[PDB]
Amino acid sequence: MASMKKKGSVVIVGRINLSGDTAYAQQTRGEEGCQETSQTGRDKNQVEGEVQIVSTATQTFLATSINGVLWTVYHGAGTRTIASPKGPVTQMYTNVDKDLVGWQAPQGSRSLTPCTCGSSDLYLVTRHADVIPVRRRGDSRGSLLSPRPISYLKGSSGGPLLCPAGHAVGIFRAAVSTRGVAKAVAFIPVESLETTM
């Protein structure tokens, strides 16, 4: 029992800047600081924007603020806490059946508005700041207009699918691939988030 160690916290290591006319990734913490912060759970870095890049000791992915909740995927964050200025913050939502988890949105972040447009012309934001057009094909599926290797989507779970007006339509969860080529994406619809809330 004295042998038992504790898993670290999820740590914000950067963000996807969507403020200006060009989307681009920004890193705010290096790996050494990330490991330190994951162990203590104390993150004093200023947080900005809607789409955060987050990391565990072993994985990196995305987290998206919608309606005051920072959402990400269970297969990335598990039940882990998230680092914050005051220490680790326990998850506010956990749903393994939806592959979804959520924490209170960090101070200084900006939240996306849940989409009510009903549009099927979507846009997926990746960890490399690519804005990929996606046609909605179902409640939780969308097809890439320009397919590409799954390598380009790896690490983007937790990122947003946006409507033409910039509302949040869903959280990126999985890729549908054929011969390593991503043709479609599975995602957590914002309505499912609003229900969980």
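Residue numbers here begin at 1 and follow the sequence given.
- Looking at mean Cα B-factors across 152 to 160 and 37 to 45, the upper value is held by 37 to 45.
- For the pair 9 to 17 and 174 to 182, the mean B factor over Cα atoms is greater in 174 to 182.
- If you compare the C-alpha temperature factors of 75, 127, 80, 110 in the entry, 110 comes out highest.
- Across 134, 53, 57, 66, the greatest Cα temperature factor reported in the deposited entry is at 57.
- Among the modelled residues of the chain, residue 190 sits in the lowest third by CA temperature factor in this PDB entry.
- In the deposited entry, the Cα temperature factor of residue 119 sits in the top third of values across the chain's modelled residues.
- When the modelled residues of the chain are ordered by their C-alpha B factor, residue 165 lands in the highest third.
- Among all modelled residues in its chain, residue 143 ranks in the middle third by Cα B-factor.
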